[PDB]
> 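Provided herewith is a single structure, encoded as structure tokens, for subsequent inquiry.
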Amino acid sequence: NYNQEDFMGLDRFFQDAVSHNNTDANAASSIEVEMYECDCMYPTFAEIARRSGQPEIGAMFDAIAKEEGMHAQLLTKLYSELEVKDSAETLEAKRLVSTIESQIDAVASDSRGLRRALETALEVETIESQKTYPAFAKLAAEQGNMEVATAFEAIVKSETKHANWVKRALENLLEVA
Ligand SMILES: [Fe+3]
Ligand SMILES: [Fe+3]
């Protein structure tokens, strides 16, 4: 059962935090992904938006990026000593970032570049808000880590808001008049 892969592999920018038995390790994985989104993924989407002639959508992605760093920093405050390193999958994503950056004028000139960037943002925001962070919050609570559970609950709310922002932006982008 073969499906075509997305235009320029843009879907592979989405990175999911990894599930563990221990809430520290879920936190470490979250920090890693949220900082990748803050540092790498959303800034690249922002530049695709600007180069596409969509500076308002670019500003949205810059605003979201800052918030991803807030999520990371909330967790790092709770886990002051944790040493976060990029996994093989994050490193591969950062390589894809760099290859798209090198081709950024071609990606932006095609209407699909920004469309797929917004659809990929929607994909992560949906998975993180509806699946990954609820599961981390639930496990934190089960383990008696109330402060971390409450942090994950706040990140769930925030990622939900990002999903809504991204859907309204996508609805805009596509509607010409
Ligand atoms: Fe995120
Ligand atoms: Fe988000």
Side-chain angles (χ1 to χ4, degrees), residues 6-19 26-79 84 86-87 89-90 93-94 96-97 100-101 104 107-108 111-140 148-174:
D6 278 14
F7 179 72
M8 305 206 58
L10 286 160
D11 57 313
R12 297 191 268 121
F13 272 115
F14 168 70
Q15 295 294 307
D16 198 21
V18 177
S19 297
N26 290 342
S29 185
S30 175
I31 295 155
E32 174 191 348
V33 169
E34 299 276 289
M35 288 312 304
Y36 156 78
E37 293 172 341
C38 173
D39 296 344
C40 310
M41 192 193 74
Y42 276 124
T44 300
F45 289 175
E47 192 61 20
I48 297 172
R50 285 184 275 270
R51 298 267 201 124
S52 302
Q54 299 285 341
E56 183 162 358
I57 294 169
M60 176 196 73
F61 282 139
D62 288 333
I64 295 170
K66 286 181 160 272
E67 292 190 354
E68 304 305 331
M70 298 175 197
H71 304 159
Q73 295 188 99
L74 172 56
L75 297 170
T76 295
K77 182 164 173 133
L78 292 169
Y79 285 101
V84 178
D86 288 343
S87 67
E89 294 73 20
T90 297
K94 290 180 178 190
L96 181 64
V97 162
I100 290 301
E101 284 291 345
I104 202 157
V107 168
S111 282
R112 292 171 293 183
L114 182 56
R115 289 180 176 200
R116 299 297 173 277
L118 282 160
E119 294 160 352
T120 301
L122 180 53
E123 175 196 6
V124 300
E125 297 294 351
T126 297
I127 291 165
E128 301 316 282
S129 67
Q130 303 294 323
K131 289 282 283 171
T132 305
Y133 291 127
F136 290 178
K138 180 180 170 188
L139 185 62
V148 176
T150 295
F152 285 129
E153 296 291 358
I155 296 166
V156 168
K157 283 319 191 66
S158 183
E159 304 290 41
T160 303
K161 178 190 74 179
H162 295 169
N164 292 338
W165 290 352
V166 169
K167 283 179 282 180
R168 298 306 81 81
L170 183 61
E171 295 165 352
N172 177 259
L173 179 60
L174 296 159

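We're numbering straight along the sequence, starting at 1.
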> Going by the side chain to side chain donor-acceptor pair (under 3.5 Å) test, name the single residue among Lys161, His162, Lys157 that passes it with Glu159.
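With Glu159 as partner, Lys161, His162, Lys157 yield a single side chain to side chain donor-acceptor pair (under 3.5 Å), made by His162.
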> Are the side chains of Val33 and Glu68 in touch, meaning some heavy atoms are under 4.5 Å apart?
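The answer is no; the side chains never approach within 4.5 Å.
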> Can you tell me how far the CD1 atom of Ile57 sits from the CH2 atom of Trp165, to the nearest 0.5 Å?
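Those atoms lie 14.0 Å apart.
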> Would you sort out whether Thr76 and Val84 count as a side-chain contact (heavy atoms from CB on, under 4.5 Å), showing the intermediate values?
CA-CA 10 Å; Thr76 295; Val84 178; 6.0 Å; no
> In Å and rounded to the nearest 0.5 Å, what is the NZ to OG distance from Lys131 to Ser19?
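Reported value, rounded in 0.5 Å steps: 9.0 Å.
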> Is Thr44 reaching over with its side chain to a backbone N or O of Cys40, donor-acceptor style, under 3.5 angstrom?
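Yes, because the side chain of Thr44 sits within donor-acceptor range (under 3.5 Å) of the backbone of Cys40.
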> Mind checking the CE-CD1 spacing from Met41 to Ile100? Nearest 0.5 Å is all I need.
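Between atom CE of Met41 and atom CD1 of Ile100 there are 13.5 Å.
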> Over all heavy atoms of both residues, which pair between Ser29 and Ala17 is shortest? Give the atoms and the distance, please.
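Residues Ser29 and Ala17, closest heavy atoms: OG-CA, 3.4 Å.
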> Find out whether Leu118 and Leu122 are in side-chain contact, i.e. whether some heavy atom of one side chain is under 4.5 Å from a heavy atom of the other.
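They are not in side-chain contact.
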> Can you name the closest pair of heavy atoms from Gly69 and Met35 and give their distance?
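Closest approach of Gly69 to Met35, heavy atoms only: CA-SD, 4.1 Å.
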> Relative to each other, are the rings of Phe13 and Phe45 parallel, tilted or perpendicular (30° and 60° limits)?
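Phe13 and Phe45: perpendicular rings.
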> Could you tell me the separation between the CD atom of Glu128 and the CD atom of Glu123, rounded to the nearest 0.5 Å?
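If we round to the nearest 0.5 Å, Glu128:CD and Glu123:CD are 9.5 Å apart.
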> Around atom CD of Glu56, are there more than 12 heavy atoms of other residues, nucleotides or ligands at under 6.0 Å?
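Open.
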> Measure across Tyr42 and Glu125 and return the closest heavy-atom pair with its distance rounded to 0.1 Å.
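In this case the closest contact between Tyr42 and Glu125 is OH-OE2, 2.6 Å.
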> Less than 4.0 Å between a side-chain N and a carboxylate O, is that true for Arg51 and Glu47?
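Looking at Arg51 together with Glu47, the answer is yes, because their closest N to O distance falls below 4.0 Å.
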> On a heavy-atom basis, which atom in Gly113 and which in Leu10 lie closest, and how many Å separate them?
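Scanning both residues, the minimum pair turns out to be O-CD1, 3.7 Å.
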> Considering non-hydrogen atoms only, spot the tightest contact between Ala72 and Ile31 and give its length.
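The answer is O-CG1, 3.8 Å.
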> Once rounded to the nearest 0.5 Å, what's the spacing between atom CG of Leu114 and atom CD of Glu119?
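CD of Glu119 is found 9.5 Å from CG of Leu114.
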> Can you name the nearest heavy-atom pair linking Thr160 to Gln130, along with the distance?
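Closest pair (atom of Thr160, atom of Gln130, distance): OG1-NE2, 4.4 Å.
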> Do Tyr79 and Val148 touch side chain to side chain, with heavy atoms closer than 4.5 Å?
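Touching, per the 4.5 Å side-chain cut-off.
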> Got a donor-acceptor contact below 3.5 angstrom from the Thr120 side chain to the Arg116 backbone?
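Yes; judged by distance alone, with no hydrogens or angles, the pair exists.
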> Might you work through the side-chain contact (heavy atoms from CB on, under 4.5 Å) test for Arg112 and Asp6, ending with a clear yes or no?
CA-CA 9 Å; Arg112 292 171 293 183; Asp6 278 14; over 6 Å; no
> Going through the checks in order, is the side-chain contact (heavy atoms from CB on, under 4.5 Å) test met by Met70 and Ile155?
CA-CA 9 Å; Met70 298 175 197; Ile155 296 166; over 6 Å; no
> Quick check for you: to the nearest 0.5 Å, what is the distance between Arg12 atom CZ and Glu89 atom CD?
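The CZ atom of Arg12 sits 13.0 Å away from the CD atom of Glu89.
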> Could you walk me through whether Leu139 and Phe152 pass the side-chain contact (heavy atoms from CB on, under 4.5 Å) test, one step at a time?
CA-CA 10 Å; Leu139 185 62; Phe152 285 129; over 6 Å; no
